[PDB]
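These notes are about the structure you will find just below.
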Amino acid sequence: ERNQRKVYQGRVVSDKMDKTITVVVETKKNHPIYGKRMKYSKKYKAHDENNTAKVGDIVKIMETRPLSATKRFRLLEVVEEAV
Amino acid sequence: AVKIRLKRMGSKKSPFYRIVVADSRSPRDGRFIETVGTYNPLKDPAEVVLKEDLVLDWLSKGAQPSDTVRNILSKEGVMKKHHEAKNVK
Amino acid sequence: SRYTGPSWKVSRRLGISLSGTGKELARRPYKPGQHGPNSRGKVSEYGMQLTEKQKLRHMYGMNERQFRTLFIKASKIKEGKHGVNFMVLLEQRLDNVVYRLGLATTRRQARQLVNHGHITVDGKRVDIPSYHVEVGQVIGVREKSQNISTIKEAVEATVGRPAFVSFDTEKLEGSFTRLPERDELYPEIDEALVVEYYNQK
Amino acid sequence: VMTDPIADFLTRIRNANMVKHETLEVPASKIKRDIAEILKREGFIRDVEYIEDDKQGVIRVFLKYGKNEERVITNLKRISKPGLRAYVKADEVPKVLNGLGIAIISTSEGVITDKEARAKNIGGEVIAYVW
Amino acid sequence: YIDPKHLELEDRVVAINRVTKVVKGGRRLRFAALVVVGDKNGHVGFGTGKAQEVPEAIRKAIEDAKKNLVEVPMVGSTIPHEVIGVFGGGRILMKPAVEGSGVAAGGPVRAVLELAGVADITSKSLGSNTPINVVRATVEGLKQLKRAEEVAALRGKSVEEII
Amino acid sequence: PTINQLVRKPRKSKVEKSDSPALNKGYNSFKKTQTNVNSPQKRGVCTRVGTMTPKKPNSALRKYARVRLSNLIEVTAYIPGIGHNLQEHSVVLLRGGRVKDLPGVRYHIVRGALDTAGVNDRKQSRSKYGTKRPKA
RNA sequence: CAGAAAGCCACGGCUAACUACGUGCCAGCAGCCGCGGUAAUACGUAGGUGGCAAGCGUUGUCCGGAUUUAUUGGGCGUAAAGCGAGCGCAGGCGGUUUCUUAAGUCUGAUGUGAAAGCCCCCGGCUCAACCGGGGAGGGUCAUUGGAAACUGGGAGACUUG
RNA sequence: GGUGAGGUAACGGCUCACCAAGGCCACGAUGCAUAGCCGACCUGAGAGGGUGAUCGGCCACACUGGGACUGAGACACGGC
């Protein structure tokens with residue numbers, strides 16, 4: 001033990017699946033020719049115990065091991081809740 | 001199965017040779033792990049250009065120096081120093 | 001084509017005596033061809049830099065591509081003018097040591113001498129005419145058979161002998177003394193007509 | 001709608017200078033005050049002074065001129081306009097007119113000249129040139 | 001201003017045209033000439049004129065040329081900094097070079113800058129290439145040039161805290 | 001344009017042609033293949049012979065050689081040299097070069113490297129027209 | 001024993017090199033402009049000259065010259081180029097100010113970016129290439145610590161838009 | 001995606017049975033054409049364009065397509 005996983009504090013988008021939500025991180029980087037800052041994202045399939053976080057919730061996530069057809073994320077901390 | 005060995009750098013008539021240290025799965029002048037020494041193939045008494053720092057470090061891991069390495073490093077006594085500082089250790 | 005010229009028509013066409021006022025002056029200032037005196041309009045700076053670079057190339061008889069690569073060696077120094085340091089490094093050929101010591105009378109005599117192993121340096125033989133002689137190599141004369149008369153025939157004919165090398169004809173021994181410069185080693189030829197031609201050749 | 005008032009300040013400088021009179025009033029903020037003090041440092045503005053009632057600014061600009069009516073400043077333009085912010089590291093610091101003008105860098109401790117940045121090895125974002 | 005005709009100067013004729021004007025019947029033909037005159041020490045100028053033959057034309061051009069001469073403020077036979085000049089399509093880039101490298105510039109702009117006593121400079125023609133506007137934009141760009149004592153004199157500070 | 005409008009367009013280039021179309025050979029045998037064959041020169045055969053007169057205002061009778069290569073396409077090509085050593089239904093090599101005499105022709109056949117001979121007048125340009133050193 | 005050791009394409013301009021004659025709307029030269037057509041430095045001979053140089057012409061392909069895809073580095077009154085005009089989803093950019101934050105940004109330390117590569121320092125092959133020793137280059141990289149001006153996130157304020 | 005079991009050097013719908021209908025996309029999913037990738041290069045002032053030979057590293061292939069066995073290591077270039 002000397003290394004954890006790179007936690008990605010994304011927000012929750014979908015939670016329709018059992019034990020499984022959808023966490024979307026967001027970052028912004030340059031253009032390979034011009035200069036200004038773009039905006040882009042991926043989607044991270046996250047495994048929950050009983051689908052705690054609602055739509056729009058903020059949670060940091062941490063990878064464990066291939067659990068399914070390549071979902072590789074776990075819940076850590078429900079940071080702040082939508083209402 | 002690590003193994004220290006030699007390596008050629010010839011031209012047409014006049015070669016130049018180099019010792020090289022590797023693992024025995026690899027080809028000879030192909031890949032390796034690190035570097036040890038060289039020697040002149042011409043102008044006897046030629047240029048014994050040796051590192052003499054990684055041979056005993058490398059055989060502490062345990063390897064098999066080849067036929068030429070044993071003779072030309074018994075000229076520097078490294079194999080003599082091998083069984084002198086390892087069989088006495 | 002390495003060297004053919006009889007040192008008449010090249011000194012006629014370029015114009016400067018090539019290079020120590022050793023002239024042939026009854027037919028010099030009018031150029032060859034079927035119009036000797038009946039000349040024509042002025043020269044483009046194409047032709048000006050053309051005959052200028054051919055003037056410095058015929059300081060030796062050497063090669064244009066070798067002049068190129070030697071010119072590119074002159075940029076590594078990073079002090080002084082690039083034309084001046086080239087002009088200095090123009091003058092450390094082994095043949096330049098032959099002519100400026102006093103062992104011969106011309107560069108073709110220098111190259112015909114040094115071709116057949118007739119000189120050495122520092123007790124070791126050098127075969128090639130274009131060895132890079134630094135300051136310290138005490139140039140020699142291969143003292144096996146130095147009683148050949150044409151060596152001292154060129155020595156005792158004391159026509160052109162510069163004063164920047166320390167040398168004694170008693171031993172036929174000496175060394176290239178110190179650094180030359182522009183104001184001492186052969187005015188008048190160039191400082192910039194090399195450094196402008198060699199950008200868009 | 002003005003979406004960048006710094007460039008409007010710089011163009012009011014050039015518009016008042018190009019017809020050569022030394023009175024100028026622009027509504028101002030903290031950073032216009034910073035470039036006003038920078039331009040008073042390096043010998044380009046004769047005087048700056050501040051008048052506030054209940055609103056923006058204002059900082060009054062008093063231009064600088066020579067003996068035979070000529071101009072000591074001759075142009076002025078920005079670098080990191082909105083839309084394309086542009087950032088400069090400590091071995092990227094520009095040197096305009098071979099250092100005969102100046103350039104502005106916003107480092108992590110204020111608005112400084114670009115001799116100050118190579119005097120501290122600290123880079124930042126470049127606002128504008130002037131010469 | 002009136003720089004006098006009392007300095008040792010040198011010429012170079014850049015280019016000539018042959019220029020018509022139709023008369024009823026035949027055709028007129030007259031020549032022009034574009035001549036620069038310089039001291040190769042730091043005073044250069046140019047001018048033109050037209051006549052019916054070549055030596056008369058270049059005589060009138062040299063007659064015109066010495067009315068106008070420019071200072072060209074040098075430092076170490078090189079520019080102080082980088083200056084760009086434009087006069088009607090004639091974009092000309094000019095930039096200080098490394099000492100001992102020469103002039104890297106084209107046809108007409110070399111005939112100015114060599115004659116004005118510049119050892120080391122770089123340039124690049126850009127835009128128009130008729131020889132008139134090249135020379136005019138050249139002299140316009142050389143006009144656009146400062147010097148350290150001048151600039152430190154213009155500001156309230158002194159030199160050598162800014163070099 | 002403004003820079004995000006330069007982001008969401010790529011600024012395409014000006015993709016160039018080449019006036020040697022026959023030297024990129026999309027074969028017939030066996031299975032009607034493609035071109036990888038950036039050649040200096042391609043050899044071919046004859047299909048007819050004749051001459052040609054140019055446009056206004058040049059006036060003579062130039063001769064030519066219309067050639068079919070191995071790719072079943074036919075180009076007209078020009079003849080260099082004095083004395084055409086080639087004849088009807090003969091093997092011919094080609095060299096590339098545009099010619100401004102007429103529409104249609106953009107090549108010139110070889111002289112003095114293959115089946116054709118070369119020059120027997122010129123003793124001064126002997127590398128051209130493929131007939132070097134005569135002792136005379 | 002100076003004996004065995006010399007070859008290439010043009011010369012109307014761009015781009016150094018001239019003569020005599022022939023075919024004289026034609027035989028044929030053209031990289032492009034462009035020649036011819038009885039007085040051709042352009043068709044062809046013959047001599048004169050020119051530039052590389054045991055290597056030198058032709059042909060094809062790749063980058064430049066090209067600011068002729070312009071971020072560095074172009075502009076749309078008449079030249080090629082503002083949709084016929086409005087309304088608005090998403091998107092791009094946003095008035096002044098207090099406190100916080102530190103995502104962007106600047107800065108240190110550390111591990112790595114194979115060796116031969118190119119360059120530079122040093123050296124040997126008679127020099128030279130070739131080979132040898134030592135570090136700079138290739139991160140838009142990963143961890144870790146600060147900086148808090150500008151952009152970005154959170155709480156309040158103001159009246160000019 | 002969840003449930004459990006089989007199976008695997010090893011996790012896993014890799015595979016079986018049950019419960020739901022979830023997943024990916026205008027930042028380009030899917031489709032069509034061309035190409036082995038890299039360290040590197042006798043181009044450029046530089047930003048960047050062109051080529052992937054040497055020589056070195058990685059991947060894949062053995063007249064075409066399937067399939068295993070021995071052997072720890074192969075679904076094996078001169079093994080079946």
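Cβ sites come from the backbone with ideal geometry, for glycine too, and all protein chains shown count toward neighbours. Each reported figure results from applying straightforward, stated rules to the coordinates on display, with no laboratory input.
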### Message
So C:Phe164 ticks every box in (1) surrounded by 11 or more Cβ atoms within 10 Å (Cβ to Cβ); (2) out of contact with any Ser or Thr (no Cβ under 8 Å at 6 or more places or on another chain) but one. Which box is left unticked?
### Response
(2)
### Query
Of all residues in the stretch E:31-52, which are in contact (Cβ under 8 Å) with a residue 24 or more places away in the chain and either surrounded by fewer than 16 Cβ atoms within 10 Å (Cβ to Cβ) or among the aromatic types (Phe, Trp, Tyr) (or both)?
E:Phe31, E:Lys40, E:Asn41, E:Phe46, E:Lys50
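Would you pick out the residues in the stretch F:97-121 that are touching a helix residue (DSSP H, G or I) at 6+ places or on another chain (Cβ under 6 Å) and either among the charged types (D, E, K, R) or within 7 Å of RNA strand G (Cβ to nearest atom) (or both)?
F:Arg111
Across the stretch A:6-31, which residue is surrounded by the fewest Cβ atoms within 10 Å (Cβ to Cβ) among those that are more than 16 Å from A:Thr64 (Cβ to Cβ), among the basic types (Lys, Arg) and more than 11 Å from RNA strand G (Cβ to nearest atom)? Explain how you work it out, then say what you get.
As a first pass, look at the stretch A:6-31 and keep what is more than 16 Å from A:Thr64 (Cβ to Cβ): A:9-18, A:22, A:24-31.
Remaining after also requiring among the basic types (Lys, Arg): A:11, A:16, A:28-29.
Then keep just the ones that are more than 11 Å from RNA strand G (Cβ to nearest atom); that gives A:11, A:16.
On the way: A:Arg11: 18, A:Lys16: 9.
Residue satisfying both the conditions and the ranking: A:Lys16.
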### Summary
The number of residues in the stretch D:39-70 that are small (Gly, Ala, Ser), within 14 Å of chain E (Cβ to nearest Cβ) and under 17 Å from the mean Cα position of the chain (by Cα) is 1
### Task
For residues that are in contact (Cβ under 8 Å) with a residue 60 or more places away in the chain, in contact with a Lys or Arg (Cβ under 8 Å, 6 or more places away or on another chain) and charged (D, E, K, R), tally how many sit in the stretch D:18-70.
1
### Task
Could you please find all residues in the stretch D:82-115 being free of Cβ contacts under 8 Å to residues at least 40 places away in the same chain and at the interface with chain E (Cβ under 10 Å from one of its Cβ atoms)?
D:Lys95, D:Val96, D:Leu97, D:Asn98, D:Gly99, D:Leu100, D:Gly101, D:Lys115
### Task
Quick one: which residue in E:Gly85, E:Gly90, E:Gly141 is away from chain C (no Cβ under 14 Å), farther than 25 Å from C:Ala192 by Cβ and in contact (Cβ under 8 Å) with a residue 24 or more places away in the chain?
E:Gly90
### Summary
In the stretch E:68-113, residues that are of a type in the set (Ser, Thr, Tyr) and surrounded by fewer than 20 Cβ atoms within 10 Å (Cβ to Cβ) total 2
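Within the stretch D:103-127, which residues are under 23 Å from E:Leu93 (Cβ atoms) and either away from RNA strand G (no atom under 13 Å from the Cβ) or of a type in the set (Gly, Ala, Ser) (or both)?
Keep residues of the stretch D:103-127 that are under 23 Å from E:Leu93 (Cβ atoms), which gives D:103, D:126.
Selection gives D:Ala103 alone.
Per-residue answers, yes or no, for (1) more than 14 Å from chain D (Cβ to nearest Cβ); (2) basic (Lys, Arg); (3) surrounded by 14 or more Cβ atoms within 10 Å (Cβ to Cβ); (4) within 11 Å of RNA strand H (Cβ to nearest atom):
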position: A:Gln4; (1), (2), (3), (4): yes, no, no, no
position: A:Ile33; (1), (2), (3), (4): no, no, no, yes
position: A:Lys42; (1), (2), (3), (4): yes, yes, no, yes
position: A:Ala46; (1), (2), (3), (4): yes, no, yes, yes
position: A:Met62; (1), (2), (3), (4): yes, no, yes, no
position: A:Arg65; (1), (2), (3), (4): yes, yes, no, yes
position: A:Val78; (1), (2), (3), (4): yes, no, yes, no
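Quick one: which of C:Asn115, C:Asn96 is buried (at least 20 other Cβ atoms within 10 Å of the Cβ) and either of a type in the set (S, T, N, Q) or over 25 Å from C:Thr21 (Cα atoms) (or both)? Can you show your working first?
On the way: C:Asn115 fails: buried (at least 20 other Cβ atoms within 10 Å of the Cβ).
Exactly one of C:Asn115, C:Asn96 is buried (at least 20 other Cβ atoms within 10 Å of the Cβ) and either of a type in the set (S, T, N, Q) or over 25 Å from C:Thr21 (Cα atoms) (or both), namely C:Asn96.
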### Query
When you look at D:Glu92, is it under 25 Å from E:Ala97 (Cβ atoms), surrounded by fewer than 19 Cβ atoms within 10 Å (Cβ to Cβ) and within 9 Å of RNA strand G (Cβ to nearest atom), yes or no?
yes
### Task
Output the residue which, of all residues in the stretch C:170-196 that are crowded, with 17+ Cβ neighbours inside 10 Å and over 20 Å from the mean Cα position of the chain (by Cα), is farthest from the other protein chains (Cβ to nearest Cβ).
C:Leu172
### Query
Restricting the stretch C:5-24 to residues that are touching a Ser or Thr at 6+ places or on another chain (Cβ under 9 Å) and of a type in the set (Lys, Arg), which is surrounded by the fewest Cβ atoms within 10 Å (Cβ to Cβ)?
C:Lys23
### Summary
Log entry, pairs with first residue in the stretch F:1-26 being within 14 Å of another protein chain (Cβ to nearest Cβ) and without any contact (Cβ under 8 Å) to a residue 40 or more places away in the chain, second being surrounded by 10 or more Cβ atoms within 10 Å (Cβ to Cβ) and basic (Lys, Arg), beta carbons closer than 7 Å, six or more apart or on different chains, reads F:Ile3/A:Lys36; F:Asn4/A:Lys36
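Quick one: in the stretch D:29-60, of everything that is part of a helix (DSSP H, G or I) and among the hydrophobic types (A, V, I, L, M, F, W, C), which residue is nearest to D:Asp114 (Cα to Cα)?
Of the stretch D:29-60, the ones part of a helix (DSSP H, G or I) are D:30-41.
Cutting the leftovers down to among the hydrophobic types (A, V, I, L, M, F, W, C) gives us D:31, D:35-36, D:38-39.
Values: D:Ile31: 17, D:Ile35: 13, D:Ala36: 16, D:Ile38: 11, D:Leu39: 13 Å.
This residue is D:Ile38.
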### Summary
Scanning the stretch C:137-150 for residues that are within 12 Å of C:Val97 (Cβ to Cβ) and in a loop (DSSP other than H, G, I, E, B), the one nearest to RNA strand H (Cβ to nearest atom) turns out to be C:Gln137
### Query
Of the residues that make up the stretch D:71-88, is at least one within 30 Å of E:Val75 (Cβ to Cβ) and more than 17 Å from the chain's Cα centre (by Cα)?
yes
### Summary
Reported set for the stretch C:66-88 where residues are within 14 Å of another protein chain (Cβ to nearest Cβ), touching a helix residue (DSSP H, G or I) at 6+ places or on another chain (Cβ under 8 Å) and in a helix (DSSP H, G or I) is C:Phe71, C:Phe86
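Across the stretch A:6-31, what is the number of residues that are within 14 Å of RNA strand H (Cβ to nearest atom) and either part of a strand (DSSP E or B) or of a type in the set (D, E, K, R) (or both)?
Of the residues in the stretch A:6-31, 17 are within 14 Å of RNA strand H (Cβ to nearest atom) and either part of a strand (DSSP E or B) or of a type in the set (D, E, K, R) (or both).
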### Message
Exactly one condition in (1) within 14 Å of chain E (Cβ to nearest Cβ); (2) surrounded by 14 or more Cβ atoms within 10 Å (Cβ to Cβ) is false for D:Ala119; which is it?
### Response
(2)
### Residues of the stretch F:73-95 satisfying the condition of being assigned to a strand (DSSP E or B), within 18 Å of F:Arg62 (Cβ to Cβ) and not β-branched (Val, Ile, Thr)
F:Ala77, F:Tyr78, F:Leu94, F:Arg95
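Would you check if D:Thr11 is part of a loop (DSSP other than H, G, I, E, B), among the β-branched types (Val, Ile, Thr) and either within 16 Å of RNA strand H (Cβ to nearest atom) or surrounded by fewer than 17 Cβ atoms within 10 Å (Cβ to Cβ) (or both)?
Details: part of a loop (DSSP other than H, G, I, E, B): no; among the β-branched types (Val, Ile, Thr): yes; either within 16 Å of RNA strand H (Cβ to nearest atom) or surrounded by fewer than 17 Cβ atoms within 10 Å (Cβ to Cβ) (or both): yes.
In short, no.
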### Message
Being in contact (Cβ under 8 Å) with a residue 24 or more places away in the chain and loosely packed, with under 12 Cβ neighbours inside 10 Å is true for just one of C:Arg27, C:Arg65, C:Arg2. Which residue is that?
### Response
C:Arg2
### Lone unmet requirement of (1) away from chain C (no Cβ under 14 Å); (2) of a type in the set (A, V, I, L, M, F, W, C); (3) within 14 Å of the chain's Cα centre (by Cα) for E:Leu154
(3)
